[PDB]
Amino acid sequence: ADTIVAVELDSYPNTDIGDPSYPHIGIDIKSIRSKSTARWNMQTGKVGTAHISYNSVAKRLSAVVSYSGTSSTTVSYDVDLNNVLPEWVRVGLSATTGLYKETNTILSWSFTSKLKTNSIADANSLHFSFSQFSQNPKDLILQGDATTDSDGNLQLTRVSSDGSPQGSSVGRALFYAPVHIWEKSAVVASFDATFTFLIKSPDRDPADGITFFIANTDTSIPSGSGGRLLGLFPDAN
């Protein structure tokens, strides 16, 4: 199976697999059953922003999800990630719908990884930033239903020609190049990610959510990973 570390923006509470009874953000370490969650007052139809950070000295994975003027939700978890993940990874965004649905629209996405040793000049860094997505994004690996649309946005899940979201959809976008997130001689390894998103829905209880995730480089959408599994895991273990 894949090896998965993820920050989930979980719009739909699946209490039968350990979700809290409200929409939440969570930190997922090799399981959909989040190691840490926080209540998320998500705002359908508003543009939100997520910021995710980690470094190997502090060993604290943190995320904040915000809507201008409305709400800020933070979640953190203490974990040695470079003990969980392989040394080379790909990074990506995932999203799903299930019986219930929502758009999972990514408006922008940026990421920075640094592998330091003894200097101000790092041993390695990778930074990418997209504030719009081209119609043929050659630096993205699109998986499942993920497409880019005429407005330059990344639609992780299926939307109709009029933009209405569809159920039973899964899609992911990985950055094309592998990322060297740890190396035995590194003094410190860090990563930071930001994305902005727009979740719209006609459902009373929209679903299922969006994640930023880090995985083995050959990661692919698991069989049976739809809906509540957010396109990351094959089961709810």
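Heads up: residue numbers just count along the shown sequence, starting at 1.
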**Asked** Which has the higher mean CA temperature factor in the PDB entry, 200-208 or 185-193?
**Response** 200-208
**Fill in**
Of 137-145 and 160-168, the stretch with the higher mean C-alpha B-factor in the deposited entry is 160-168
**Message:** Using only the C-alpha B-factors in the record, can you name which of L93, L115, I120, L126 has the highest?
**Reply:** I120
**Complete:** Per the deposited entry, the peak Cα B-factor within the set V75, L85, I106, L99 goes to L99
**Asked** Sorting the chain's CA B-factors, does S21 end up in the lowest, middle or highest third?
**Response** highest
**Request:** For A6, return the chain-relative third of its C-alpha B-factor as stated in the PDB record: lowest, middle or highest.
**Result:** lowest
**Message:** Ranking every modelled residue in this chain by its Cα temperature factor as given in the entry, which third contains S223?
**Reply:** highest
**Message:** When the deposited Cα B-factors of this chain's modelled residues are ordered and cut into thirds, is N41 in the lowest, the middle or the highest one?
**Reply:** highest
**Request:** Name the third of the chain's ranked CA B-factors that contains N14, choosing lowest, middle or highest.
**Result:** highest
